[PDB]
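Next up, query_1.cif (mmCIF, N, CA and C atoms):
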data_upload
loop_
_atom_site.label_atom_id
_atom_site.label_comp_id
_atom_site.auth_asym_id
_atom_site.auth_seq_id
_atom_site.Cartn_x
_atom_site.Cartn_y
_atom_site.Cartn_z
N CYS A 1 125.44 87.93 100.29
CA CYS A 1 126.50 88.59 101.05
C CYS A 1 125.90 89.33 102.24
N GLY A 2 124.76 89.98 102.01
CA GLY A 2 124.07 90.71 103.06
C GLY A 2 124.70 92.05 103.39
N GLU A 3 126.03 92.10 103.32
CA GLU A 3 126.77 93.31 103.63
C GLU A 3 126.35 94.49 102.75
N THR A 4 126.35 95.67 103.35
CA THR A 4 125.98 96.89 102.67
C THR A 4 127.22 97.60 102.14
N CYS A 5 127.28 97.82 100.83
CA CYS A 5 128.41 98.51 100.24
C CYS A 5 128.16 100.01 100.25
N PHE A 6 128.01 100.56 101.45
CA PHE A 6 127.76 101.98 101.63
C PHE A 6 128.80 102.81 100.89
N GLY A 7 130.06 102.42 101.03
CA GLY A 7 131.13 103.12 100.35
C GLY A 7 131.47 102.51 99.00
N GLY A 8 130.50 101.83 98.40
CA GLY A 8 130.70 101.21 97.10
C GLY A 8 131.53 99.94 97.15
N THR A 9 132.45 99.85 98.10
CA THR A 9 133.30 98.68 98.23
C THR A 9 132.67 97.63 99.13
N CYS A 10 132.97 96.37 98.85
CA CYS A 10 132.45 95.25 99.63
C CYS A 10 133.60 94.58 100.39
N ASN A 11 133.28 93.99 101.52
CA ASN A 11 134.28 93.32 102.36
C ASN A 11 134.44 91.87 101.93
N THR A 12 133.44 91.33 101.27
CA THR A 12 133.48 89.94 100.83
C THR A 12 133.84 89.84 99.35
N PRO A 13 134.91 89.09 99.04
CA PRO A 13 135.37 88.89 97.66
C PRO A 13 134.33 88.15 96.83
N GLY A 14 134.11 88.62 95.61
CA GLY A 14 133.13 88.00 94.75
C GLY A 14 131.82 88.74 94.77
N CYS A 15 131.59 89.51 95.83
CA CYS A 15 130.36 90.28 95.95
C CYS A 15 130.51 91.62 95.25
N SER A 16 129.58 91.90 94.35
CA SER A 16 129.57 93.14 93.61
C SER A 16 128.63 94.12 94.28
N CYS A 17 129.00 95.38 94.33
CA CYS A 17 128.17 96.37 94.99
C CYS A 17 126.89 96.64 94.21
N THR A 18 125.78 96.45 94.89
CA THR A 18 124.47 96.70 94.35
C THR A 18 123.75 97.56 95.37
N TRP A 19 124.33 98.74 95.58
CA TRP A 19 123.87 99.73 96.56
C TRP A 19 122.38 99.63 96.85
N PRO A 20 122.01 99.48 98.13
CA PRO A 20 122.95 99.43 99.25
C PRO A 20 123.29 98.01 99.72
N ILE A 21 123.42 97.05 98.80
CA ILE A 21 123.72 95.68 99.21
C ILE A 21 124.65 94.99 98.22
N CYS A 22 125.63 94.28 98.74
CA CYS A 22 126.57 93.55 97.90
C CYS A 22 125.97 92.21 97.47
N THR A 23 126.15 91.89 96.20
CA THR A 23 125.63 90.65 95.64
C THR A 23 126.74 89.88 94.93
N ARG A 24 126.96 88.63 95.33
CA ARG A 24 127.97 87.83 94.68
C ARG A 24 127.31 87.03 93.57
N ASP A 25 127.84 87.16 92.36
CA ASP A 25 127.30 86.47 91.19
C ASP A 25 125.84 86.88 90.99
N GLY A 26 125.50 88.09 91.45
CA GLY A 26 124.15 88.59 91.34
C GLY A 26 123.25 88.11 92.46
N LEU A 27 123.81 87.37 93.41
CA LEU A 27 123.04 86.86 94.53
C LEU A 27 123.30 87.68 95.79
N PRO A 28 122.24 88.27 96.37
CA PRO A 28 122.34 89.08 97.58
C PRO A 28 122.48 88.23 98.84
N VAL A 29 123.38 87.27 98.77
CA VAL A 29 123.64 86.37 99.89
C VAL A 29 124.71 86.95 100.81
#

How does the structure come out when it is put into structure tokens?
Amino acid sequence: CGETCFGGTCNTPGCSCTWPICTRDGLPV
């Protein structure tokens, strides 16, 4: 996802917040 979940929330669906980076299915894509 690459996106940073600074506010805990992610902009990309499927990506889980793994502060400071969102990971979809555990993948930091």

Which neighbours of segment 10-14 of chain A fall inside 5 Å, counting all atoms listed in the file, when residues of the same chain fewer than 2 positions from it are skipped, and could you give them as a PDB file with N, CA and C atoms, in the coordinates of the input?
ATOM      1  N   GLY A   8     130.500 101.830  98.400  1.00  0.00           N
ATOM      2  CA  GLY A   8     130.700 101.210  97.100  1.00  0.00           C
ATOM      3  C   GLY A   8     131.530  99.940  97.150  1.00  0.00           C
ATOM      4  N   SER A  16     129.580  91.900  94.350  1.00  0.00           N
ATOM      5  CA  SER A  16     129.570  93.140  93.610  1.00  0.00           C
ATOM      6  C   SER A  16     128.630  94.120  94.280  1.00  0.00           C
ATOM      7  N   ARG A  24     126.960  88.630  95.330  1.00  0.00           N
ATOM      8  CA  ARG A  24     127.970  87.830  94.680  1.00  0.00           C
ATOM      9  C   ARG A  24     127.310  87.030  93.570  1.00  0.00           C
ATOM     10  N   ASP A  25     127.840  87.160  92.360  1.00  0.00           N
ATOM     11  CA  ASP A  25     127.300  86.470  91.190  1.00  0.00           C
ATOM     12  C   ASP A  25     125.840  86.880  90.990  1.00  0.00           C
TER      13      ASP A  25
END

Close residues, residue 4 of chain A itself excluded, 7 Å, only N, CA and C atoms, min 6 positions apart in chain, as a PyMOL selection string: chain A and resi 10+19-22

Sel. of strand (DSSP E) residues, chain A, as a CSV table (one decimal) with N, CA and C atoms, keeping the file's coordinate frame:
chain,number,residue,atom,x,y,z
A,15,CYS,N,131.6,89.5,95.8
A,15,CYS,CA,130.4,90.3,96.0
A,15,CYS,C,130.5,91.6,95.2
A,16,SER,N,129.6,91.9,94.4
A,16,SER,CA,129.6,93.1,93.6
A,16,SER,C,128.6,94.1,94.3
A,17,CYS,N,129.0,95.4,94.3
A,17,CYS,CA,128.2,96.4,95.0
A,17,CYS,C,126.9,96.6,94.2
A,18,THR,N,125.8,96.4,94.9
A,18,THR,CA,124.5,96.7,94.4
A,18,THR,C,123.8,97.6,95.4
A,21,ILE,N,123.4,97.0,98.8
A,21,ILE,CA,123.7,95.7,99.2
A,21,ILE,C,124.6,95.0,98.2
A,22,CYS,N,125.6,94.3,98.7
A,22,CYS,CA,126.6,93.6,97.9
A,22,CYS,C,126.0,92.2,97.5
A,23,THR,N,126.2,91.9,96.2
A,23,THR,CA,125.6,90.6,95.6
A,23,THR,C,126.7,89.9,94.9
A,24,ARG,N,127.0,88.6,95.3
A,24,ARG,CA,128.0,87.8,94.7
A,24,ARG,C,127.3,87.0,93.6

Computed interatomic separation between atom C of residue 2 of chain A and atom C of residue 26 of chain A (Å): 11.7 Å
